[PDB]
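Engineer: Here it is, the structure in full.
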Amino acid sequence: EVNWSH
Amino acid sequence: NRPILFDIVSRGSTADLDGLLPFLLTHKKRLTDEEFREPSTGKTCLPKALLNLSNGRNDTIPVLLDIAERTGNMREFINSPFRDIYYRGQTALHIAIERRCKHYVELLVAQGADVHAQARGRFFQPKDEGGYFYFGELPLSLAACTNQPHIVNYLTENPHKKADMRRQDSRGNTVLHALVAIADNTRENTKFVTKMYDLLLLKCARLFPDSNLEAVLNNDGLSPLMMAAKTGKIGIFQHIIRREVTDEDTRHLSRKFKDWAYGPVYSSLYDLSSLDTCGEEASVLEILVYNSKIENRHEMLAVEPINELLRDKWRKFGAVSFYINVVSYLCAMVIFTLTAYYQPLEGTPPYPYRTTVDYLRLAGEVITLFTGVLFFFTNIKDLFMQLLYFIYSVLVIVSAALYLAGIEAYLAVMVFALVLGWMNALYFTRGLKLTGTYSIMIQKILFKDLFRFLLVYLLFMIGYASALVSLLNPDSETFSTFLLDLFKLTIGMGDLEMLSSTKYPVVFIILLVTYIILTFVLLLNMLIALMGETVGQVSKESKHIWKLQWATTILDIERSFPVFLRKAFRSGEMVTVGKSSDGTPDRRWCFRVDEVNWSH
Ligand SMILES: CC(C)CCC[C@@H](C)[C@H]1CC[C@H]2[C@@H]3CC=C4C[C@@H](OC(=O)CCC(=O)O)CC[C@]4(C)[C@H]3CC[C@]12C
């Protein structure tokens, strides 16, 4: 997955 | 000694390294020897040490650098790249930047780390091309794409080495291209994407006032704005189309200026140089309207200058040409209908002409042939550089050719052309608003759902009718006759008198009963249901589809005209918005919009 808040 | 070295570095213990320097000196073995390096990839000691560290402090890196300097292999060791398909190109600096360790980035650049090294391994490729993370294939682009302002700032302005913002990888994309390539419509992503994009743009303009950073184009030939439009990224496209710069030094590159204000009325002119072109280059509007499979194709068009530009173009010249075209097409079809109607039945084609009425028919024929050849040429030019119209033109020309050759068959195909000639007249209602949405919906349902339904019905019908024919006992001719009879019965007219030769008539009656039931009750009803639900699902989409259809017709009309005529009709006023750095005037095309605000 892709997470821009971590 | 490779396993021992790998274990030592992985552990992170400083003590174990003692003695390596004299060992290498005595054996004169470099740290880049095949034995020391891992055969699988090529990973050297530095990337392994950087990969596994604690709270950003490995504590072994300086010792490794000192040892490599003692040997005298720093140039080939500190930037030794990986091999193999997955991670080809990656260097130590890429790792250091990926791990959010400014300290190590500085320590690496200070010693001569290649700052422009390209990491084009299959791991770093676009998602559609079998990869995980695409970032521009550069350290600078990597830091810009991982939301690290400090790294970008230090890297760009460093005494030892500077990675210039205007730099292109193998694909040609620059840092702005990558920063648009990783953008997503999420608020969190866009919030930093826009900020970093603007920061980097201002820095590049500041350093180099002469050149423009968005002027650069990749191998594909697009720019960040055109690429954002093509890739369906509203978040950055809307922020680049309305970019306004308050700083006087960097105001030249702004895109939306204030013109004047009177009370609640505010009037600002946007810039549309790149946005709208007259054939000089590719335009954002053409790309966004004509390309297929765009994520937010409909939402993207709802921007302050775009919609008003379409409106103004529509008023200025869109409406007139549309009505002219539709009227001319209808008249041409009427002429074609008359020509076909007055085709002399007597004799054989071609028919000699020796009277004025013959010359009237000939005039109609030449008009029809001219129309067909014109449509054919337009379609062929489109293909070289409208499928139904292509069929119409090809059929017309073939009919004319067979008329010249001499055969009755031409009339058939000629008539068929006439059918198609009117069959698509409905599609000219597209331009109209009230009926154009209905025409678009009819075309949409006709091609997608009706293809599936017809293909589903054909085999079922033919096989079931063949079964019924096989049931009867008194055989291609019998089947040919019975099929016509059966289809006529399907229409609701005729009589089933043929069943006299059949044994067990009861089962034939039952089978015909079930056939009728399926054809009328279930199959026909499902077709009814599908239309009702699709329109409900696209109830809001009606305005979207209508707006897209209106845009495409307008742009087709605009494209049709030659370049100089487009120059004549080009929309927008040349407005001197400022003086460039040298002091010369800008004189840049722009388009004006005014709003009303009672809270300002
Ligand atoms: C329901 C949808 C998806 C299927 C389309 C229906 C057609 C496949 C049916 C409807 C009427 C049928 C036609 C009725 C009459 C004739 C002429 C017949 O040959 C003759 O001329 C002898 C009979 C006569 O002259 O009337 C051959 C089949 C054909 C084309 C039949 C074949 C199949 C047709 C075109």
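Going by the structure tokens order, chains are called A, B, ..., each with residues numbered from 1, while ligands are numbered from 1 in the order shown.
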Could you pull the residues within 12 Å of residue 6 in chain A, counting only C-alpha atoms, minus those fewer than 3 positions along the same chain, as a PyMOL selection string?
Structural biologist: (chain A and resi 1-3) or (chain B and resi 146-147+188-189)
Engineer: Using DSSP on the backbone coordinates, identify all residues within range 195-381 of chain B classified as helix (DSSP H, G or I); present the result as a VMD selection string.
Structural biologist: chain B and resid 195 to 207 224 to 230 234 to 241 284 to 290 297 to 300 304 to 341 356 to 381
Engineer: Contacts of range 518-527 of chain B at 10 Å or less, counting only C-alpha atoms, minus same-chain residues fewer than 4 places along, as a list in words?
Structural biologist: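 That gives residues 449, 450, 453, 457, 461, 490, 512, 513, 514, 531 and 532 of chain B.
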Engineer: Can you work out which residues are within 10 Å of ligand 1, considering only C-alpha atoms and all ligand atoms, and then hand them over as a ChimeraX atom specification?
Structural biologist: /B:450-451,453-462,476-488,490-491,519
Engineer: Work out how far CA of residue 515 in chain B is from CA of residue 494 in chain B, in Å to one decimal.
Structural biologist: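 The value is 16.0 Å.
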Engineer: So that I can see what lies close to range 114-124 of chain B, please list as a PDB file with C-alpha atoms, in the first residue's frame the residues with an atom at most 7 Å from it, counting only C-alpha atoms and leaving out residues fewer than 2 positions away in the same chain.
Structural biologist:
ATOM      1  CA  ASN B  79      29.278   5.530  -5.249  1.00  0.00           C
ATOM      2  CA  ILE B  85      17.249  -6.005 -12.707  1.00  0.00           C
ATOM      3  CA  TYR B  86      15.554  -5.008  -9.461  1.00  0.00           C
ATOM      4  CA  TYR B  87      17.876  -2.398  -7.942  1.00  0.00           C
ATOM      5  CA  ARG B  88      20.135  -1.345 -10.813  1.00  0.00           C
ATOM      6  CA  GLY B  89      21.758   2.056 -10.415  1.00  0.00           C
ATOM      7  CA  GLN B  90      21.017   2.623  -6.742  1.00  0.00           C
ATOM      8  CA  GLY B 112      32.571  13.285  -3.353  1.00  0.00           C
ATOM      9  CA  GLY B 131       7.522  -1.043 -10.308  1.00  0.00           C
ATOM     10  CA  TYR B 132       6.970   0.180  -6.778  1.00  0.00           C
ATOM     11  CA  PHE B 133       8.128   3.806  -6.419  1.00  0.00           C
ATOM     12  CA  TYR B 134       8.923   6.198  -9.272  1.00  0.00           C
ATOM     13  CA  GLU B 137      15.577   8.661 -10.776  1.00  0.00           C
ATOM     14  CA  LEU B 138      17.705  11.297  -9.048  1.00  0.00           C
ATOM     15  CA  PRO B 139      18.717  12.192  -5.484  1.00  0.00           C
ATOM     16  CA  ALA B 163      22.452  19.335  -8.275  1.00  0.00           C
TER      17      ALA B 163
END
Engineer: Determine the nearest neighbour of chain A from the options B:145, B:472, B:554, B:278, counting only C-alpha atoms.
Structural biologist: B:145
Engineer: Nearest to chain A among B:259, B:594, B:184, B:299, with distances taken over only C-alpha atoms: which residue is it?
Structural biologist: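 Going through B:259, B:594, B:184, B:299 one by one, the smallest distance to chain A is for B:184.
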Engineer: CA of residue 381 in chain B and CA of residue 393 in chain B are how many Å apart?
Structural biologist: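 We find that CA of residue 381 in chain B and CA of residue 393 in chain B lie 13.5 Å from each other.
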Engineer: Interatomic distance between CA of residue 203 in chain B and CA of residue 93 in chain B?
Structural biologist: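 CA of residue 203 in chain B sits 22.7 Å away from CA of residue 93 in chain B.
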Engineer: If you count only C-alpha atoms, which residues fall within 9 Å of residue 265 in chain B, apart from same-chain ones fewer than 2 positions away, as number ranges by chain?
Structural biologist: B: 260-263, 267, 594-598
Engineer: Tell me, as a PyMOL selection string, which residues lie within 12 Å of residue 248 in chain B, counting only C-alpha atoms; anything in the same chain fewer than 2 positions away does not count.
Structural biologist: chain B and resi 202+206+244-246+250-254+578-581
